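Below you'll find only one chain, the form deposited without this ligand, shown as structure tokens.
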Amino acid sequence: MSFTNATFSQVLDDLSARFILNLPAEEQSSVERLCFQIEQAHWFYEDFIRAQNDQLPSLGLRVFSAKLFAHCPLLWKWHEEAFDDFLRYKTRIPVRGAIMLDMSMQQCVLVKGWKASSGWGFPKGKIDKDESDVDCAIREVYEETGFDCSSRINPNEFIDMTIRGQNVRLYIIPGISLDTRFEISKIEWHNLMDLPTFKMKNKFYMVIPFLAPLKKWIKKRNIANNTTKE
């Protein structure tokens, strides 16, 4: 409805009224139904509301659920274990990976699978059991591209964000030779200018969200490589 001039608090109140207070009155105290409504309202926020806006934080079910509870008194009161059981397993699971740049920082390594909706994206995926954020990035990169970026990954150099409620953190690693060797169908360098939103386009949807902060990193990198301080 409408479009977007809601200031976060406004949105939580709207979601409280459309999904919770709306429920059939006999279902208003049902644990299984409240959770179904909390998770429908979390999708509605991540897929639709955040589309009409942009400066809303995507959260994933953990945080969004707390913020709703403190905004909907009905939801507050209505068995605490089963509600934790609901958030433990409906955790959307954090992704770590890497954006490998070519030296001039004009090209990056993209990957593409054997699956039907194809598309190109940065090598990355879901973190493991007892695995470090850095370990996940190294592992996903080496499994997908066959490059061991162990000697040049930097923990402090990354774009971290939430997308559709999944935290994604890609480590940005520049200076990877253009003669590097490289399940996976294709591994290729792509020119950042050629990518959808940097300066068909449906091939590159898994990439676009990171182009704005990536480009900002690059700008900063080239300024810092060329300054003296004074």
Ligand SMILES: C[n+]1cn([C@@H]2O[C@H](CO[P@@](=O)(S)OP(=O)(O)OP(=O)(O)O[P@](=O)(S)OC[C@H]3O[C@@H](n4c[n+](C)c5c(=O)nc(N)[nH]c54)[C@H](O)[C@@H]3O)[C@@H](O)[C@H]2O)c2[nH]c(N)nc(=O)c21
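Residue numbers here begin at 1 and follow the sequence given. Only the largest set of C-alpha atoms that superpose within 1.5 Å between the two forms is called the rigid core.
>> Does the comparison with other PDB entries of this protein show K201 lacking coordinates in a third or more of them, where both adjacent residues are built?
In response: Comparison shows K201 dropped in at least a third of the other entries.
> Would you class the number of unmodelled deposited residues between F182 and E183 as none, 1 to 3, 4 to 9, or 10 or more?
Replying inline: Unresolved stretch here: 4 to 9 residues.
> Unmodelled stretch from the deposited sequence between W78 and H79, which bin: none, 1 to 3, 4 to 9, 10 or more?
Replying inline: Gap between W78 and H79: 1 to 3 residues without coordinates.
> Which has higher Cα B-factors on average according to the PDB entry: 103-111 or 143-151?
Replying inline: Comparing 143-151 with 103-111, the higher average CA B-factor belongs to 143-151.
>> Quick check: 56-64 versus 22-30, which has the larger average CA B-factor in the record?
In response: Of 56-64 and 22-30, the stretch with the higher C-alpha B-factor average is 56-64.
> Ranked by Cα temperature factor within the chain, is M200 in the lowest third, the middle third or the highest third?
Replying inline: Answer is highest: the recorded C-alpha B-factor places it there.
> Lowest, middle or highest third of the chain for the C-alpha temperature factor of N191?
Replying inline: Within its chain, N191 is a lowest-third residue by C-alpha B-factor, going by the deposited values.
> For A17, does the deposited CA B-factor place it in the lowest, middle or highest third of the chain?
Replying inline: It belongs to the lowest third of the chain when residues are ordered by C-alpha B-factor.
> Thinking about Cα B factors across the chain, which third does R164 belong to?
Replying inline: Answer is highest: the recorded C-alpha B-factor places it there.
> Of the three thirds of its chain by CA temperature factor, lowest, middle or highest, which one includes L178?
Replying inline: For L178, the deposited C-alpha B-factor lands in the highest third.
Keep in mind that the form deposited with this ligand bound is missing from the display, and what follows is about it.
> Among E39, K90 and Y205, does every residue place a heavy atom within 4.5 Å of this ligand in the bound PDB entry?
Replying inline: Yes: each residue has a heavy atom within 4.5 Å of the partner.
> From the list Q166, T197, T180, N53, which entry has a heavy atom within 4.5 Å of this ligand in the bound PDB entry?
Replying inline: It is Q166 that has a heavy atom within 4.5 Å of the partner.
>> Considering non-hydrogen atoms and a 4.5 Å limit, which listed residue (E157, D160, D85, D135) is close to this ligand in the bound PDB entry?
In response: Only one option qualifies, and that one is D85.
> Are any of the heavy atoms in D47 no more than 4.5 Å from a heavy atom of this ligand in the bound PDB entry?
Replying inline: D47 belongs to the contact set for this ligand.
>> So if I measure heavy atom distances to this ligand in the bound PDB entry, which of the stretches 187-195, 39-47, 66-74, 170-178 falls within 4.5 Å?
In response: It is 39-47 that comes within 4.5 Å of the partner.
>> Shifts of 2 Å or more at the CA atom, core superposed, between this form and the one not shown: which of the listed residues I38, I173, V168, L192 is the one?
In response: Result of the superposition: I38 is the only one at 2 Å or more.
>> Please state whether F69 has a C-alpha shift of 2 Å or more between this form and the one not shown, with the rigid core used for the fit.
In response: Yes.
>> If I superpose the two forms on their rigid core, does the C-alpha of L15 end up displaced by 2 Å or more between this form and the one not shown?
In response: Shift of 2 Å or more: yes.
> On a core-based superposition, does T91 travel 2 Å or more at its Cα between this form and the one not shown?
Replying inline: Superposed on the core, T91 moves its C-alpha 2 Å or more between this form and the one not shown.
> Which way does the C-alpha gap of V111 and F48 go in the bound PDB entry, closer or farther, given it changes by 3 angstroms or more?
Replying inline: They are closer; the C-alpha distance drops by 3 Å or more in the bound PDB entry.
> By 3 Å or more, the Cα spacing of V11 and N167 differs in the bound PDB entry; is it closer or farther than in this view?
Replying inline: Compared with the form shown here, the C-alpha atoms of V11 and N167 sit farther apart in the bound PDB entry, by 3 Å or more.
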